[PDB]
Amino acid sequence: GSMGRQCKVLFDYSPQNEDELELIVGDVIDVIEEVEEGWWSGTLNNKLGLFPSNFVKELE
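Cut-off values and rules
Residues numbered from 1 in each chain as written, not as in the entry; some residues may be left out. Heavy atoms only, no water. Pairing = 2+ DSSP bridges. Helix = DSSP H or I, 4+ residues; strand = E, 2+ residues; numbered from the N terminus. Salt bridge = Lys/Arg side-chain N within 4 Å of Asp/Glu carboxyl O. Buried < 20%, exposed > 50% of the residue type's maximum accessible area, 1.4 Å probe, protein only.

In the nomenclature of the PDB entry, the protein is known as CD2-associated protein of Mus musculus. Per the header of the deposited record, the title is "High resolution structure of the second SH3 domain of CD2AP".

In structure tokens:
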């Protein structure tokens, strides 16, 4: 319930696990809610995953 806004991918993230969402630079990820500070939960097109809020900013 943070009224979270979509975060655009600014930096490259090569995931350590496939549970980690592949951050493609330039695209935007629709986040549901953040679960553990760094690790947010959202889906990029058809893959749902966890992504670190370091490489993505809620600037939109």
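**Q** Would you take a moment to explain the sheet that holds strand 3 (residues 39-44) for this structure?
**A** Sheet strands pair by backbone hydrogen bonding; their relative direction is either parallel or antiparallel. The five strands lie next to each other as 4-3-2-1-5, forming an open sheet whose pairing is antiparallel. The sheet terminates laterally at strand 4 (47-52) and strand 5 (56-57), the two strands that pair on one side only. Sheet topology note: the strand 1 (residues 7-9)/strand 2 (residues 28-36) ladder contains two bridges and is antiparallel. Across the sheet, residue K8 finds its bridge partner in strand 2, namely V28.

**Q** For this particular structure, what's the right way to read the pattern of salt bridges?
**A** Any two side chains of opposite charge can pair, given that their charged atoms come close. Throughout the structure, instances matching the rule amount to one salt bridge. Note that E60 is salt-bridged to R5, the shortest N-O span being 2.9 Å. Taken as a pair, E60 in the segment after strand 5 and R5 in the segment before strand 1 lie far apart in primary sequence, 55 residues in all. Look at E60 and you get exposed, because its relative accessible area is 56%. With a relative accessible area of 36%, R5 lands in the partly exposed category.

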